[PDB]
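Below is upload-v9.pdb, which holds PDB, C-alpha atoms.
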```pdb
ATOM      1  CA  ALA P   1      -2.396  -1.292 -44.138  1.00  0.00           C
ATOM      2  CA  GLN P   2       0.451  -2.741 -42.006  1.00  0.00           C
ATOM      3  CA  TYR P   3      -1.018  -1.239 -38.830  1.00  0.00           C
ATOM      4  CA  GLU P   4      -4.794  -1.683 -38.853  1.00  0.00           C
ATOM      5  CA  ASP P   5      -7.338  -0.179 -36.487  1.00  0.00           C
ATOM      6  CA  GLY P   6      -8.994  -3.134 -34.777  1.00  0.00           C
ATOM      7  CA  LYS P   7      -5.911  -5.299 -35.303  1.00  0.00           C
ATOM      8  CA  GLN P   8      -2.721  -4.190 -33.549  1.00  0.00           C
ATOM      9  CA  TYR P   9      -4.532  -1.377 -31.824  1.00  0.00           C
ATOM     10  CA  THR P  10      -8.050  -0.099 -31.264  1.00  0.00           C
ATOM     11  CA  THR P  11      -9.383   3.441 -31.262  1.00  0.00           C
ATOM     12  CA  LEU P  12     -11.224   4.762 -28.235  1.00  0.00           C
ATOM     13  CA  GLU P  13     -14.825   5.548 -29.146  1.00  0.00           C
ATOM     14  CA  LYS P  14     -14.532   8.242 -26.520  1.00  0.00           C
ATOM     15  CA  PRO P  15     -11.084   9.904 -26.870  1.00  0.00           C
ATOM     16  CA  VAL P  16      -9.640  11.144 -23.563  1.00  0.00           C
ATOM     17  CA  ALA P  17      -8.543  14.759 -23.750  1.00  0.00           C
ATOM     18  CA  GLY P  18      -5.507  15.806 -21.714  1.00  0.00           C
ATOM     19  CA  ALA P  19      -4.282  12.228 -21.359  1.00  0.00           C
ATOM     20  CA  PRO P  20      -0.589  11.336 -20.969  1.00  0.00           C
ATOM     21  CA  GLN P  21       1.216  10.607 -24.246  1.00  0.00           C
ATOM     22  CA  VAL P  22       2.120   7.036 -23.346  1.00  0.00           C
ATOM     23  CA  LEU P  23       0.181   5.559 -20.443  1.00  0.00           C
ATOM     24  CA  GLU P  24       0.685   2.025 -19.139  1.00  0.00           C
ATOM     25  CA  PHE P  25      -1.470   0.374 -16.444  1.00  0.00           C
ATOM     26  CA  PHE P  26      -0.476  -2.643 -14.367  1.00  0.00           C
ATOM     27  CA  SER P  27      -1.067  -4.496 -11.128  1.00  0.00           C
ATOM     28  CA  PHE P  28       1.560  -6.201  -9.012  1.00  0.00           C
ATOM     29  CA  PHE P  29      -1.011  -9.048  -8.751  1.00  0.00           C
ATOM     30  CA  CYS P  30      -1.250  -9.374 -12.529  1.00  0.00           C
ATOM     31  CA  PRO P  31       0.576 -12.416 -13.946  1.00  0.00           C
ATOM     32  CA  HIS P  32       0.855 -11.018 -17.444  1.00  0.00           C
ATOM     33  CA  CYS P  33       2.110  -7.744 -15.897  1.00  0.00           C
ATOM     34  CA  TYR P  34       4.883  -9.705 -14.213  1.00  0.00           C
ATOM     35  CA  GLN P  35       5.801 -11.123 -17.629  1.00  0.00           C
ATOM     36  CA  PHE P  36       5.550  -7.704 -19.298  1.00  0.00           C
ATOM     37  CA  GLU P  37       7.810  -6.100 -16.778  1.00  0.00           C
ATOM     38  CA  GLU P  38      10.148  -8.782 -15.440  1.00  0.00           C
ATOM     39  CA  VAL P  39      10.720 -10.950 -18.564  1.00  0.00           C
ATOM     40  CA  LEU P  40       9.713  -8.957 -21.665  1.00  0.00           C
ATOM     41  CA  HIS P  41      10.716  -5.518 -20.262  1.00  0.00           C
ATOM     42  CA  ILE P  42       7.971  -3.840 -22.303  1.00  0.00           C
ATOM     43  CA  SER P  43       8.192  -0.402 -20.628  1.00  0.00           C
ATOM     44  CA  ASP P  44      11.917  -0.172 -21.179  1.00  0.00           C
ATOM     45  CA  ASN P  45      11.848  -1.236 -24.812  1.00  0.00           C
ATOM     46  CA  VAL P  46       8.988   1.122 -25.636  1.00  0.00           C
ATOM     47  CA  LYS P  47      10.955   3.950 -24.000  1.00  0.00           C
ATOM     48  CA  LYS P  48      14.110   3.262 -26.103  1.00  0.00           C
ATOM     49  CA  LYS P  49      12.096   3.739 -29.287  1.00  0.00           C
ATOM     50  CA  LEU P  50       9.836   6.685 -28.413  1.00  0.00           C
ATOM     51  CA  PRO P  51      10.398   9.956 -30.322  1.00  0.00           C
ATOM     52  CA  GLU P  52      12.118  12.787 -28.459  1.00  0.00           C
ATOM     53  CA  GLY P  53       9.858  14.676 -26.044  1.00  0.00           C
ATOM     54  CA  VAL P  54       7.335  11.869 -25.546  1.00  0.00           C
ATOM     55  CA  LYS P  55       7.161  11.007 -21.824  1.00  0.00           C
ATOM     56  CA  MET P  56       6.050   7.668 -20.343  1.00  0.00           C
ATOM     57  CA  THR P  57       3.613   7.282 -17.463  1.00  0.00           C
ATOM     58  CA  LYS P  58       2.882   4.044 -15.581  1.00  0.00           C
ATOM     59  CA  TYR P  59       0.033   3.675 -13.096  1.00  0.00           C
ATOM     60  CA  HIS P  60      -1.088   0.917 -10.730  1.00  0.00           C
ATOM     61  CA  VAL P  61      -4.735  -0.197 -10.506  1.00  0.00           C
ATOM     62  CA  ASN P  62      -7.177  -1.148  -7.728  1.00  0.00           C
ATOM     63  CA  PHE P  63      -9.364  -3.794  -9.361  1.00  0.00           C
ATOM     64  CA  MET P  64      -7.049  -6.721  -8.499  1.00  0.00           C
ATOM     65  CA  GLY P  65      -6.045  -8.007  -5.085  1.00  0.00           C
ATOM     66  CA  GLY P  66      -8.645  -6.360  -2.881  1.00  0.00           C
ATOM     67  CA  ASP P  67      -7.349  -4.420   0.090  1.00  0.00           C
ATOM     68  CA  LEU P  68      -3.683  -5.188  -0.648  1.00  0.00           C
ATOM     69  CA  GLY P  69      -4.243  -4.158  -4.272  1.00  0.00           C
ATOM     70  CA  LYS P  70      -5.324  -0.714  -3.072  1.00  0.00           C
ATOM     71  CA  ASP P  71      -2.356  -0.545  -0.685  1.00  0.00           C
ATOM     72  CA  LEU P  72      -0.125  -1.223  -3.674  1.00  0.00           C
ATOM     73  CA  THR P  73      -1.676   1.642  -5.618  1.00  0.00           C
ATOM     74  CA  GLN P  74      -0.842   3.926  -2.687  1.00  0.00           C
ATOM     75  CA  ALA P  75       2.669   2.403  -2.453  1.00  0.00           C
ATOM     76  CA  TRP P  76       3.160   2.991  -6.173  1.00  0.00           C
ATOM     77  CA  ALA P  77       2.170   6.641  -5.541  1.00  0.00           C
ATOM     78  CA  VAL P  78       4.936   6.744  -2.870  1.00  0.00           C
ATOM     79  CA  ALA P  79       7.352   5.243  -5.430  1.00  0.00           C
ATOM     80  CA  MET P  80       6.421   7.930  -7.967  1.00  0.00           C
ATOM     81  CA  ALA P  81       6.724  10.735  -5.425  1.00  0.00           C
ATOM     82  CA  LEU P  82      10.129   9.599  -4.141  1.00  0.00           C
ATOM     83  CA  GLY P  83      11.260   8.667  -7.671  1.00  0.00           C
ATOM     84  CA  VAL P  84      12.230   5.141  -6.675  1.00  0.00           C
ATOM     85  CA  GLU P  85      10.155   3.116  -9.168  1.00  0.00           C
ATOM     86  CA  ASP P  86      13.311   1.464 -10.534  1.00  0.00           C
ATOM     87  CA  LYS P  87      14.297   0.320  -7.033  1.00  0.00           C
ATOM     88  CA  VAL P  88      11.019  -1.211  -5.885  1.00  0.00           C
ATOM     89  CA  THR P  89       9.356  -2.593  -9.052  1.00  0.00           C
ATOM     90  CA  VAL P  90      11.253  -5.918  -9.029  1.00  0.00           C
ATOM     91  CA  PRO P  91      10.965  -6.709  -5.274  1.00  0.00           C
ATOM     92  CA  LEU P  92       7.280  -5.752  -5.268  1.00  0.00           C
ATOM     93  CA  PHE P  93       6.535  -8.054  -8.224  1.00  0.00           C
ATOM     94  CA  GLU P  94       8.629 -10.855  -6.708  1.00  0.00           C
ATOM     95  CA  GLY P  95       7.181 -10.236  -3.238  1.00  0.00           C
ATOM     96  CA  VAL P  96       3.596 -10.621  -4.480  1.00  0.00           C
ATOM     97  CA  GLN P  97       4.045 -13.318  -7.120  1.00  0.00           C
ATOM     98  CA  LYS P  98       7.303 -15.190  -6.627  1.00  0.00           C
ATOM     99  CA  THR P  99       8.029 -15.477  -2.896  1.00  0.00           C
ATOM    100  CA  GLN P 100       4.475 -14.515  -1.824  1.00  0.00           C
ATOM    101  CA  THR P 101       5.923 -12.660   1.158  1.00  0.00           C
ATOM    102  CA  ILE P 102       3.861  -9.482   0.725  1.00  0.00           C
ATOM    103  CA  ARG P 103       0.634  -9.926   2.698  1.00  0.00           C
ATOM    104  CA  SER P 104       0.224  -6.572   4.448  1.00  0.00           C
ATOM    105  CA  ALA P 105       0.967  -2.870   4.150  1.00  0.00           C
ATOM    106  CA  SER P 106       3.870  -3.469   6.542  1.00  0.00           C
ATOM    107  CA  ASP P 107       5.337  -6.095   4.169  1.00  0.00           C
ATOM    108  CA  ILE P 108       5.110  -3.510   1.373  1.00  0.00           C
ATOM    109  CA  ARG P 109       6.913  -1.002   3.587  1.00  0.00           C
ATOM    110  CA  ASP P 110       9.669  -3.584   4.246  1.00  0.00           C
ATOM    111  CA  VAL P 111      10.432  -3.671   0.507  1.00  0.00           C
ATOM    112  CA  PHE P 112      11.051   0.099   0.464  1.00  0.00           C
ATOM    113  CA  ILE P 113      13.177  -0.109   3.673  1.00  0.00           C
ATOM    114  CA  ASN P 114      15.276  -2.914   2.180  1.00  0.00           C
ATOM    115  CA  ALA P 115      15.678  -0.850  -0.992  1.00  0.00           C
ATOM    116  CA  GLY P 116      17.224   1.936   1.120  1.00  0.00           C
ATOM    117  CA  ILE P 117      14.316   4.327   1.672  1.00  0.00           C
ATOM    118  CA  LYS P 118      14.403   5.499   5.311  1.00  0.00           C
ATOM    119  CA  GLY P 119      11.432   4.470   7.411  1.00  0.00           C
ATOM    120  CA  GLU P 120      10.771   8.077   8.338  1.00  0.00           C
ATOM    121  CA  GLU P 121      10.741   9.189   4.717  1.00  0.00           C
ATOM    122  CA  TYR P 122       8.505   6.330   3.600  1.00  0.00           C
ATOM    123  CA  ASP P 123       6.018   6.983   6.416  1.00  0.00           C
ATOM    124  CA  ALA P 124       6.008  10.737   5.709  1.00  0.00           C
ATOM    125  CA  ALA P 125       5.327  10.132   2.017  1.00  0.00           C
ATOM    126  CA  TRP P 126       2.749   7.414   2.732  1.00  0.00           C
ATOM    127  CA  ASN P 127       0.542   9.815   4.675  1.00  0.00           C
ATOM    128  CA  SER P 128       1.283  12.903   2.548  1.00  0.00           C
ATOM    129  CA  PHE P 129      -1.348  14.775   0.554  1.00  0.00           C
ATOM    130  CA  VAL P 130       1.045  14.840  -2.422  1.00  0.00           C
ATOM    131  CA  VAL P 131       0.737  11.022  -2.394  1.00  0.00           C
ATOM    132  CA  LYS P 132      -3.079  11.303  -2.002  1.00  0.00           C
ATOM    133  CA  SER P 133      -3.228  13.442  -5.164  1.00  0.00           C
ATOM    134  CA  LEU P 134      -1.013  10.870  -6.964  1.00  0.00           C
ATOM    135  CA  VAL P 135      -3.465   8.106  -5.900  1.00  0.00           C
ATOM    136  CA  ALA P 136      -6.273  10.250  -7.310  1.00  0.00           C
ATOM    137  CA  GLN P 137      -4.437  10.720 -10.620  1.00  0.00           C
ATOM    138  CA  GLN P 138      -4.052   6.941 -10.969  1.00  0.00           C
ATOM    139  CA  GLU P 139      -7.724   6.292 -10.282  1.00  0.00           C
ATOM    140  CA  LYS P 140      -8.894   9.072 -12.591  1.00  0.00           C
ATOM    141  CA  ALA P 141      -6.744   7.894 -15.503  1.00  0.00           C
ATOM    142  CA  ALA P 142      -8.114   4.354 -15.209  1.00  0.00           C
ATOM    143  CA  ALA P 143     -11.653   5.748 -14.932  1.00  0.00           C
ATOM    144  CA  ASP P 144     -11.147   7.927 -18.036  1.00  0.00           C
ATOM    145  CA  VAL P 145     -10.690   4.794 -20.205  1.00  0.00           C
ATOM    146  CA  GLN P 146     -13.136   2.583 -18.315  1.00  0.00           C
ATOM    147  CA  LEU P 147     -10.241   0.229 -17.535  1.00  0.00           C
ATOM    148  CA  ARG P 148     -11.207  -3.361 -16.607  1.00  0.00           C
ATOM    149  CA  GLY P 149      -7.996  -5.216 -17.413  1.00  0.00           C
ATOM    150  CA  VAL P 150      -4.230  -5.132 -17.272  1.00  0.00           C
ATOM    151  CA  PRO P 151      -1.649  -4.923 -18.667  1.00  0.00           C
ATOM    152  CA  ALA P 152      -2.871  -2.062 -20.873  1.00  0.00           C
ATOM    153  CA  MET P 153      -1.214   0.717 -22.814  1.00  0.00           C
ATOM    154  CA  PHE P 154      -2.792   3.851 -24.246  1.00  0.00           C
ATOM    155  CA  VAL P 155      -1.324   6.437 -26.584  1.00  0.00           C
ATOM    156  CA  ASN P 156      -2.524  10.081 -26.473  1.00  0.00           C
ATOM    157  CA  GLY P 157      -5.750   8.971 -24.844  1.00  0.00           C
ATOM    158  CA  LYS P 158      -6.821   7.916 -28.335  1.00  0.00           C
ATOM    159  CA  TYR P 159      -5.397   4.481 -29.070  1.00  0.00           C
ATOM    160  CA  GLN P 160      -5.165   1.242 -27.099  1.00  0.00           C
ATOM    161  CA  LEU P 161      -2.491  -1.394 -27.810  1.00  0.00           C
ATOM    162  CA  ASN P 162      -3.787  -4.779 -28.896  1.00  0.00           C
ATOM    163  CA  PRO P 163      -1.019  -7.379 -28.314  1.00  0.00           C
ATOM    164  CA  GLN P 164      -3.348 -10.427 -28.704  1.00  0.00           C
ATOM    165  CA  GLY P 165      -3.037  -9.999 -32.464  1.00  0.00           C
ATOM    166  CA  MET P 166       0.729 -10.671 -32.356  1.00  0.00           C
ATOM    167  CA  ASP P 167       3.058 -13.637 -32.736  1.00  0.00           C
ATOM    168  CA  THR P 168       4.654 -14.536 -29.395  1.00  0.00           C
ATOM    169  CA  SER P 169       6.828 -17.494 -30.514  1.00  0.00           C
ATOM    170  CA  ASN P 170       9.873 -15.232 -30.155  1.00  0.00           C
ATOM    171  CA  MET P 171       9.877 -12.901 -27.145  1.00  0.00           C
ATOM    172  CA  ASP P 172      12.360 -10.375 -28.610  1.00  0.00           C
ATOM    173  CA  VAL P 173      10.417 -10.053 -31.843  1.00  0.00           C
ATOM    174  CA  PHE P 174       7.136  -9.567 -29.994  1.00  0.00           C
ATOM    175  CA  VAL P 175       8.640  -6.851 -27.763  1.00  0.00           C
ATOM    176  CA  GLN P 176      10.005  -4.934 -30.734  1.00  0.00           C
ATOM    177  CA  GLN P 177       6.720  -5.251 -32.622  1.00  0.00           C
ATOM    178  CA  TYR P 178       4.986  -3.851 -29.545  1.00  0.00           C
ATOM    179  CA  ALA P 179       7.502  -0.972 -29.267  1.00  0.00           C
ATOM    180  CA  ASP P 180       7.452  -0.175 -33.006  1.00  0.00           C
ATOM    181  CA  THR P 181       3.641  -0.098 -32.778  1.00  0.00           C
ATOM    182  CA  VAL P 182       3.687   2.394 -29.886  1.00  0.00           C
ATOM    183  CA  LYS P 183       6.125   4.529 -31.912  1.00  0.00           C
ATOM    184  CA  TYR P 184       3.801   4.380 -34.928  1.00  0.00           C
ATOM    185  CA  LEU P 185       0.790   5.362 -32.796  1.00  0.00           C
ATOM    186  CA  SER P 186       2.778   8.164 -31.141  1.00  0.00           C
ATOM    187  CA  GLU P 187       3.472   9.645 -34.609  1.00  0.00           C
ATOM    188  CA  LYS P 188      -0.178   9.345 -35.769  1.00  0.00           C
TER     189      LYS P 188
END
```

What's the structure tokens form of this structure?
Amino acid sequence: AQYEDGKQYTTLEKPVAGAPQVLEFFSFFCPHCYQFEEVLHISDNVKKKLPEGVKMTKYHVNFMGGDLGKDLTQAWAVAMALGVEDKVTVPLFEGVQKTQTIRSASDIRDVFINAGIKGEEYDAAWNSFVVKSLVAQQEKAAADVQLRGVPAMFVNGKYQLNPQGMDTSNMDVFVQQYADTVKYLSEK
């Protein structure tokens, strides 16, 4: 067919029941994740083509960047809880990979402060049990698919995107092939 199992996507041998409909994993340490998010805008273009009623989830992972990597997973939980993902995604990516000015939990906190989150609110969220359960959700979802690399996208806990079998000569064309493929999988 046009969309072949083992080509543009693979099927999980062990389907994950109860999984989010569209689930993306990334790391702020991940160079291809920086490309995906800051240059290609994969999440946004997938969103614009998803059928009505299909929600998008994006989680951070621990297996890159050691201690700071784990701090970033907790910070991403704070971002999700406060609903400020769209305010901190760019300065966190640029802080880790472009300026290399994020070296501690306090440097992470500075990004939220600069983005207009009050110090008191950030600190409250950072130590909250709501954030601890969000951290748990991120770890569990990665564990459910035995995740060992990013970026990664899963659809209905059944299908995993396979971008390596795609022409990347043109960035726009690649992004829309990726998005059209997620849409196809979402309708499967």

What's around residue 48 in chain P at 12 Å? Count all atoms listed in the file, leave out sequence neighbours fewer than 6 positions away in its own chain, and write the answer as a PDB file with C-alpha atoms, in the frame of the given file.
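In the end it all went to around_28.pdb:
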```
ATOM      1  CA  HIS P  41      10.716  -5.518 -20.262  1.00  0.00           C
ATOM      2  CA  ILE P  42       7.971  -3.840 -22.303  1.00  0.00           C
ATOM      3  CA  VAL P  54       7.335  11.869 -25.546  1.00  0.00           C
ATOM      4  CA  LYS P  55       7.161  11.007 -21.824  1.00  0.00           C
ATOM      5  CA  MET P  56       6.050   7.668 -20.343  1.00  0.00           C
ATOM      6  CA  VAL P 175       8.640  -6.851 -27.763  1.00  0.00           C
ATOM      7  CA  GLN P 176      10.005  -4.934 -30.734  1.00  0.00           C
ATOM      8  CA  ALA P 179       7.502  -0.972 -29.267  1.00  0.00           C
ATOM      9  CA  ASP P 180       7.452  -0.175 -33.006  1.00  0.00           C
ATOM     10  CA  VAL P 182       3.687   2.394 -29.886  1.00  0.00           C
ATOM     11  CA  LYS P 183       6.125   4.529 -31.912  1.00  0.00           C
TER      12      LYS P 183
END
```

Non-local contacts of residue 53 in chain P (12 Å; only C-alpha atoms; under 2 positions in same chain excluded) as a PyMOL selection string
chain P and resi 21-22+47+49-51+55-56+186-187

Close residues, residue 104 in chain P itself excluded, 12 Å, all atoms listed in the file, min 4 positions apart in chain, as a short mmCIF file (atom, residue, chain, number, x, y, z; two decimals) with C-alpha atoms, keeping the file's coordinate frame:
```
data_model
loop_
_atom_site.label_atom_id
_atom_site.label_comp_id
_atom_site.auth_asym_id
_atom_site.auth_seq_id
_atom_site.Cartn_x
_atom_site.Cartn_y
_atom_site.Cartn_z
CA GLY P 65 -6.04 -8.01 -5.08
CA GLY P 66 -8.64 -6.36 -2.88
CA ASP P 67 -7.35 -4.42 0.09
CA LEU P 68 -3.68 -5.19 -0.65
CA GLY P 69 -4.24 -4.16 -4.27
CA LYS P 70 -5.32 -0.71 -3.07
CA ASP P 71 -2.36 -0.55 -0.68
CA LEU P 72 -0.12 -1.22 -3.67
CA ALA P 75 2.67 2.40 -2.45
CA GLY P 95 7.18 -10.24 -3.24
CA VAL P 96 3.60 -10.62 -4.48
CA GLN P 100 4.47 -14.52 -1.82
CA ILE P 108 5.11 -3.51 1.37
CA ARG P 109 6.91 -1.00 3.59
CA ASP P 110 9.67 -3.58 4.25
CA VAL P 111 10.43 -3.67 0.51
#
```

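Atom pair CA of residue 155 in chain P / CA of residue 23 in chain P has a distance of 6.4 Å (rounded to one decimal).
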
If you count all atoms listed in the file, the residue of P:62, P:11, P:35, P:114 closest to residue 140 in chain P turns out to be P:62

Go through P:19, P:39, P:33, P:84 one by one, measure the shortest atom-to-atom distance of each to residue 151 in chain P using only C-alpha atoms, and give the residue with the smallest value.
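Using only C-alpha atoms, residue 151 in chain P sits closest to P:33.
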
Straight-line distance linking CA of residue 122 in chain P with CA of residue 141 in chain P, stated in Å to one decimal
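Interatomic distance, CA of residue 122 in chain P to CA of residue 141 in chain P: 24.5 Å.
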
One decimal, Å: what's the distance from CA of residue 12 in chain P over to CA of residue 158 in chain P, could you say?
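A separation of 5.4 Å between them.
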
May I have the protein, DNA and RNA residues with any atom at most 9 Å from the point (-1.2, 4.4, -1.7), counting all atoms listed in the file, written as a short mmCIF file (atom, residue, chain, number, x, y, z; two decimals) with C-alpha atoms, keeping the file's coordinate frame?
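Saved file out.cif follows:
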```cif
data_model
loop_
_atom_site.label_atom_id
_atom_site.label_comp_id
_atom_site.auth_asym_id
_atom_site.auth_seq_id
_atom_site.Cartn_x
_atom_site.Cartn_y
_atom_site.Cartn_z
CA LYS P 70 -5.32 -0.71 -3.07
CA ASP P 71 -2.36 -0.55 -0.68
CA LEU P 72 -0.12 -1.22 -3.67
CA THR P 73 -1.68 1.64 -5.62
CA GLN P 74 -0.84 3.93 -2.69
CA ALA P 75 2.67 2.40 -2.45
CA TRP P 76 3.16 2.99 -6.17
CA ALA P 77 2.17 6.64 -5.54
CA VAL P 78 4.94 6.74 -2.87
CA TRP P 126 2.75 7.41 2.73
CA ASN P 127 0.54 9.82 4.68
CA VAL P 131 0.74 11.02 -2.39
CA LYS P 132 -3.08 11.30 -2.00
CA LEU P 134 -1.01 10.87 -6.96
CA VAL P 135 -3.46 8.11 -5.90
#
```

If you count all atoms listed in the file, the residue of P:119, P:87, P:113, P:59 closest to residue 136 in chain P turns out to be P:59

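Nearest to residue 115 in chain P of all the residues P:94, P:64, P:86, P:142 is P:86, based on all atoms listed in the file.
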
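Between residue 172 in chain P and the residues P:45, P:106, P:156, P:27, the shortest atom-to-atom distance, using only C-alpha atoms, involves P:45.
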
Residues near residue 163 in chain P, cut-off 10 Å, only C-alpha atoms, skip fewer than 4 positions along chain, as a PyMOL selection string:
chain P and resi 7-9+151-153+167-168+174-175+177-178+181

At a cut-off of 7 Å around the point (-8.4, -4.0, -12.1) (file coordinates), what residues fall inside when counting all atoms listed in the file? I'd like the answer as a VMD selection string.
chain P and resid 61 to 64 148 to 150

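Closest approach to residue 93 in chain P from the set P:129, P:34, P:3, P:159 is made by P:34, with distances taken over only C-alpha atoms.
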
Rebuild range 5-25 of chain P to N, CA, C and O atoms - output it as an mmCIF file, keeping the file's coordinate frame, please.
```cif
data_model
loop_
_atom_site.group_PDB
_atom_site.id
_atom_site.type_symbol
_atom_site.label_atom_id
_atom_site.label_comp_id
_atom_site.auth_asym_id
_atom_site.auth_seq_id
_atom_site.Cartn_x
_atom_site.Cartn_y
_atom_site.Cartn_z
ATOM 1 N N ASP P 5 -6.394 -0.385 -37.575
ATOM 2 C CA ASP P 5 -7.338 -0.179 -36.487
ATOM 3 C C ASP P 5 -8.231 -1.409 -36.329
ATOM 4 O O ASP P 5 -8.804 -1.918 -37.302
ATOM 5 N N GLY P 6 -8.355 -1.871 -35.088
ATOM 6 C CA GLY P 6 -8.994 -3.134 -34.777
ATOM 7 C C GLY P 6 -8.103 -4.361 -34.862
ATOM 8 O O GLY P 6 -8.535 -5.460 -34.519
ATOM 9 N N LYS P 7 -6.856 -4.191 -35.297
ATOM 10 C CA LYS P 7 -5.911 -5.299 -35.303
ATOM 11 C C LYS P 7 -4.855 -5.124 -34.210
ATOM 12 O O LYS P 7 -4.996 -5.660 -33.108
ATOM 13 N N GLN P 8 -3.836 -4.317 -34.485
ATOM 14 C CA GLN P 8 -2.721 -4.190 -33.549
ATOM 15 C C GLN P 8 -3.015 -3.129 -32.516
ATOM 16 O O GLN P 8 -2.300 -2.984 -31.525
ATOM 17 N N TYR P 9 -4.085 -2.389 -32.753
ATOM 18 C CA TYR P 9 -4.532 -1.377 -31.824
ATOM 19 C C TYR P 9 -6.024 -1.173 -32.035
ATOM 20 O O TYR P 9 -6.587 -1.621 -33.041
ATOM 21 N N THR P 10 -6.664 -0.505 -31.085
ATOM 22 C CA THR P 10 -8.050 -0.099 -31.264
ATOM 23 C C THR P 10 -8.142 1.384 -30.963
ATOM 24 O O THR P 10 -7.265 1.960 -30.320
ATOM 25 N N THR P 11 -9.187 2.018 -31.474
ATOM 26 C CA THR P 11 -9.383 3.441 -31.262
ATOM 27 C C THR P 11 -10.467 3.646 -30.230
ATOM 28 O O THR P 11 -11.526 3.028 -30.321
ATOM 29 N N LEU P 12 -10.206 4.491 -29.239
ATOM 30 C CA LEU P 12 -11.224 4.762 -28.235
ATOM 31 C C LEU P 12 -12.395 5.461 -28.899
ATOM 32 O O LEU P 12 -12.205 6.439 -29.617
ATOM 33 N N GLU P 13 -13.590 4.908 -28.700
ATOM 34 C CA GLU P 13 -14.825 5.548 -29.146
ATOM 35 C C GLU P 13 -14.934 6.928 -28.518
ATOM 36 O O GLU P 13 -15.475 7.852 -29.102
ATOM 37 N N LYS P 14 -14.394 7.047 -27.314
ATOM 38 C CA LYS P 14 -14.532 8.242 -26.520
ATOM 39 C C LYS P 14 -13.082 8.684 -26.153
ATOM 40 O O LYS P 14 -12.490 8.270 -25.157
ATOM 41 N N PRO P 15 -12.453 9.422 -27.068
ATOM 42 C CA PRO P 15 -11.084 9.904 -26.870
ATOM 43 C C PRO P 15 -10.938 10.679 -25.555
ATOM 44 O O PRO P 15 -11.849 11.418 -25.178
ATOM 45 N N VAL P 16 -9.818 10.512 -24.862
ATOM 46 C CA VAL P 16 -9.640 11.144 -23.563
ATOM 47 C C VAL P 16 -8.716 12.339 -23.676
ATOM 48 O O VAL P 16 -7.501 12.193 -23.770
ATOM 49 N N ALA P 17 -9.305 13.526 -23.660
ATOM 50 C CA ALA P 17 -8.543 14.759 -23.750
ATOM 51 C C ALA P 17 -7.647 14.981 -22.534
ATOM 52 O O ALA P 17 -8.051 14.716 -21.398
ATOM 53 N N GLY P 18 -6.430 15.463 -22.783
ATOM 54 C CA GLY P 18 -5.507 15.806 -21.714
ATOM 55 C C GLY P 18 -4.743 14.622 -21.164
ATOM 56 O O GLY P 18 -4.016 14.744 -20.178
ATOM 57 N N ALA P 19 -4.908 13.470 -21.810
ATOM 58 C CA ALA P 19 -4.282 12.228 -21.359
ATOM 59 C C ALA P 19 -2.763 12.254 -21.532
ATOM 60 O O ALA P 19 -2.248 13.000 -22.360
ATOM 61 N N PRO P 20 -2.033 11.452 -20.735
ATOM 62 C CA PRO P 20 -0.589 11.336 -20.969
ATOM 63 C C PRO P 20 -0.288 10.760 -22.357
ATOM 64 O O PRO P 20 -1.140 10.081 -22.935
ATOM 65 N N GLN P 21 0.900 11.033 -22.888
ATOM 66 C CA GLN P 21 1.216 10.607 -24.246
ATOM 67 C C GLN P 21 1.313 9.089 -24.326
ATOM 68 O O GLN P 21 0.704 8.471 -25.193
ATOM 69 N N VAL P 22 2.081 8.489 -23.426
ATOM 70 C CA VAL P 22 2.120 7.036 -23.346
ATOM 71 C C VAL P 22 1.793 6.633 -21.915
ATOM 72 O O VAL P 22 2.500 7.000 -20.982
ATOM 73 N N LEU P 23 0.697 5.906 -21.764
ATOM 74 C CA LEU P 23 0.181 5.559 -20.443
ATOM 75 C C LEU P 23 0.005 4.062 -20.312
ATOM 76 O O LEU P 23 -0.830 3.476 -20.996
ATOM 77 N N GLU P 24 0.775 3.457 -19.407
ATOM 78 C CA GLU P 24 0.685 2.025 -19.139
ATOM 79 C C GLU P 24 0.005 1.816 -17.782
ATOM 80 O O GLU P 24 0.199 2.615 -16.867
ATOM 81 N N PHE P 25 -0.855 0.806 -17.701
ATOM 82 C CA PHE P 25 -1.470 0.374 -16.444
ATOM 83 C C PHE P 25 -1.023 -1.045 -16.099
ATOM 84 O O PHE P 25 -0.869 -1.901 -16.986
#
```
